[PDB]
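Take a look at the structure below.
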Amino acid sequence: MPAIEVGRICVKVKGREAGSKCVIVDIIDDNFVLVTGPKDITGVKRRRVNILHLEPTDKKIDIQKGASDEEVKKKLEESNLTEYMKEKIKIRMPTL
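The sequence shown begins at 2 in my numbering and counts up one residue at a time.
Written as structure tokens, this is what we have:
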């Protein structure tokens, strides 16, 4: 079942409230996972971590293991969940 694996959505639990949402696309090991987001939609930078402080949410997208940005974008689009994933919070600049 989707948990620390593809399809399961995760979010920055602590750091800047909740201004970053990501999904796991590639699993290296139990700790080493690659998280990413919709490139053209939200602009989520992909990063490979050993799970430092990242906790999954309740929401899940409909994809398989071994997907791409293309895959996620289209499947997210169909599920109408694109806007929720595009939703940006705490995107405030330090100086303005």
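No residue lacks a Cβ here, since even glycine has one placed at the ideal position from N, Cα and C.
Problem set entry | Own chain residues within Cβ distance below 7 Å of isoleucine 42, not counting five before or after | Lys74, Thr83, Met86, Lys87
Exercise. Of all the options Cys23, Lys91, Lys66, which has the alpha carbon lying nearest to the alpha carbon of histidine 54?
Worked result: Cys23
Exercise. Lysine 91 to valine 36, Cα distance in whole Å?
Worked result: Rounded to the nearest angstrom, the gap between the Cα atoms of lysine 91 and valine 36 is 20 Å.
For this session: Taking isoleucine 10 and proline 57 to be in contact with their CB atoms under 8 Å, please state how far apart those CB atoms are, rounded to whole angstroms.
Result: 7 Å
Exercise. Beta strand (DSSP E) containing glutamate 56: first to last residue?
Worked result: 56-61
For this session: Can you say whether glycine 8 is buried or exposed, counting buried as having 16 or more other CB atoms within 10 angstroms of its CB?
Result: buried
Exercise. What is the rounded straight-line gap between the Cα of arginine 47 and the Cα of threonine 96?
Worked result: Roughly 26 Å between the two C-alpha positions.
Exercise. In chain order, what residues of the same chain lie with their CB nearer than 7 Å to the CB of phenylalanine 33, ignoring the 5 residues before and after it?
Worked result: Result list for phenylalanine 33: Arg49, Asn51, in chain order.
Problem set entry | Candidates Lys76, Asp70, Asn81, of which the one nearest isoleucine 64 by Cα | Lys76
Exercise. In chain order, what residues of the same chain have a beta carbon less than 6 Å from the beta carbon of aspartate 70, not counting five sequence neighbours either side?
Worked result: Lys40
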